[PDB]
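Given next are two forms of a protein chain, the same chain in both, each as structure tokens and marked structure 1 or structure 2.
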Structure 1
């Protein structure tokens, strides 16, 4: 959807350099390159929504670095600043680790009007369809979903990737019967409350402090995903609760929650004798709306087009791994396929220098008659600008247009390129990709799946980026 359009425009805009760019300038840049004409304000609203970072927001970690005040938890991000003055910055550290740049070349792209368009789906290192809540880039329809905690998904992927994990075969065993032995619980970060589960439903509860010596009630923790002003109007809606309330003053503030509530002790005695004495929670936390029922709207984008429904978070996750699993296989095979093409290219040029001016002569260089002569010499008729510079080409079309290439990668070089010093750089390079080919050859042969070792390293890189972001003052330097 529009989320993928902004992300691809963001990395393309800051590919040359990652600096400070105005949101309006960034919004126009995104719209210009992908012909997105749904509205600059709507696009800027989605950009702010994607780049917002507040406790309880739909995006736990923003795609772009948040510059300035993009919103607050009181209004649910509706108090964003003017896009003309405020700026946006791409998160170079996280996106590079989360989204593999070299894997972006192999994504399934769609083409319209003879120009590149957005991919149908992005498959990053971790499933972003779980860690992020529901959001509304458009108007009218609001998406609402609850994110799992950032510990259970890591245990799921690490067991599915690392060979030394004790729950490796058991995890694969659980896939066939869909028993889901591994646990999956909602998020807990930036929530100083309680999570309690009955049946198939989850509930969130806030924290309140009652002090007898000073007769002052202190509010500590707000619920998970309700606006502060929404909680205020919720307690001011009921007519009967007005008789129970004498004074309520809002002391909520950003990064500091300390609200004093005045309630006379005369009232506390008769609260518990007409509220049915609920067994789940006390009437003190029942009078104030601190409980939110959870009804997860679990959906995923259809690869063929459309929407799908799943019974549990496991079904979303269990189908996400094979898509990421196949991409690790594809990136290694294509890299191996293109690497050997560079091997024969460098060797042929070095062999050309061996049969150059110093030793042998092939200066005829005829078009058709010498084509067979050069064929007998063993020089491959491979085209340049493709092997040296790969592009959005898959494995099966790579060899077809490379073997049936063209010349001018030979006999059109600089006259200094056939020197001994120039040859030394070439012969010291041909071993480098040959050694790198051995590393790839050692991979793509593991029994579970190709590229298991790199997946663990990519997971560690994601963890390092998250820790560094939360350590400093959101500066990443």
Structure 2
């Protein structure tokens, strides 16, 4: 009487120990198992419904009770003896789960933890097993049998010794549903050698406690370093004899699931955005690069999912896109990525009153984005590859540290992550002092970096805030403003605390029975982006209010009667670039850690530009040479490109990689050098007729002069006193500041 349970024919009988129970993650996995278990004559030696059943994974848990019932497990008894283990209705249980994060690692980790908590001996004696399907298959043209890898590292090692992947197709199978019909048949042909047994080692005892249940502050230490992939020796030992240590599964598969959940809520300290928000920014740059023509939010959401591999659903995608374009006092973005065209929400509902994505249009803030996130060094960043395809970068390195300049909050599902934006002027002073060698505090600040002296101040931003920011002890408090009307017995609230929604604030007063004894009517006549709230007092309650809140030094009676004060508690917990959690004591430490990344990115931006510019000078010089000699190198008298290319070679024209020189993209300098000069003469054969005109040639000649002048400039930029590219960094800070000032003069509309 167990739902989605297909019993084996021999289950519970004399051959019960020969039977295996397949635990599938869901209905799709069950369909795959049913296909494999019913191959019949096509797979004579493979498993069938003889000695093999299926159960769906879907003490109080109902699905776990079904597994116990079908297996005949008893909680009190310890299966320390073979005779006792023979009482079970199945020989073993095999988990068939996806090889993704919400697969093995969470579903399989819980299953291992459940067995480890109650029946540790079953894991010791090999009762719990796992189905390890291939993760990557490489298909080559002309070959029907692919090369299959069970780990990412194995494919990487194999790809190193290939020197060519143009004729190889690489497909990722991170879920059971990804396997095609012919692949399912192949796996069940060798079903025996893809069943792996779990072993309980000494390290698994504490690891199970850390990742499942128990006290915190021990799981936190684990999640502060990142995931270490299994080495080649470890994988080979797993493959040599098909036994997977429980510790190895927990510290790779389960930790990666834990880190992924955190990375969805806590941003990287380099750019101050999460992976979901980084996909939107990366997708936003691509979508609006050609033309900054406004798109509907749902239309742009489709672009991000199609290009940036966003698979978490449009509900979260549209919400995150809308939040990226909201601009109001108290919004999470002081400098929104997008320009909001329509009603994107107000401070009164905390941004929850945004319009529908169907009618709401979005547009990239081109002036701010192109200066804060330069496109030149976006090729130089490390990138995330999802199923072998390039996705949003691992992190951005903006001109100014966005993790410091914005407002960030997160629900208490892990580290708290509260961030309060610092002043733009304070941030500019610190960065300019670090970069400008003529700054009076340049030497002082550099010496302070290595000694943590924080010579310059970082203060909370008070932009779009008509209140007071006061510091008492070690905390800042934001105060609202109010007006008292003695004649008509009205207290008018003209400003709320820094990030307090209006509607939620009204409910806070209304749910306070003590304060409602002095008031009878609250009317919210506030405009958009401005607070003006009518509080109707009782006829003689104004004097009673003063004597009930005592007017402490930090908070006035009205500021106590009306909750017009809040503490700016900051929890500076971020995600490291290589993975893990880093905790910062102060806002300066975040800025100090971001400085080396931006400093080194400028250095490697000029090195690549120097290499690219040198190649482009060679190519444009050859093109100009052809235009002058095109009349007497009249290619119309030659049969085809092969003959034309031979003629060009005999005249000394250099063979070049046309596409690589035009668009180097994500090419390293050493990769660029070994491929640029090894090409063809397409850069000549693809020249249009309009390019041979006198004016067209003259513009090309002038372009060569500019590159040669720019080439000498780049060499000077590399030999700079503070560090290479320091002057480039300084002028880009000014450009960012002008964009921010222009965006603040408007309502982040820019036109």
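Residue numbers count along the first chain shown, from 1. Under this definition, the rigid core comprises the largest set of C-alpha atoms superposing within 1.5 Å between the forms.
Mobile residue between structures 1 and 2, C-alpha criterion 2 Å or more, rigid core, from 272, 319, 170, 155: One residue passes the 2 Å cut-off, namely 272.
Did residue 143 shift 2 Å or more between structures 1 and 2, C-alpha, core superposed: Where the cores coincide, residue 143 still shows a C-alpha shift between structures 1 and 2 that is 2 Å or more.
Core superposition between structures 1 and 2, C-alpha change of residue 409 at least 2 Å: True for residue 409: a C-alpha shift of 2 Å or more.
Core-superposed comparison between structures 1 and 2, residue 356 Cα displacement 2 Å or beyond: Yes, its C-alpha moves 2 Å or more.
Distance the CA of residue 382 travels between structures 1 and 2 [rigid core superposed, Å]: A shift of 5.4 Å at the C-alpha.
Residue 15: CA movement between structures 1 and 2 [superposed on rigid core, Å]: Displacement of the alpha carbon, after core fit: 1.7 Å.
Shift in Å of the C-alpha at residue 302 between structures 1 and 2 after core superposition: That residue's C-alpha sits 0.7 Å away in the other form.
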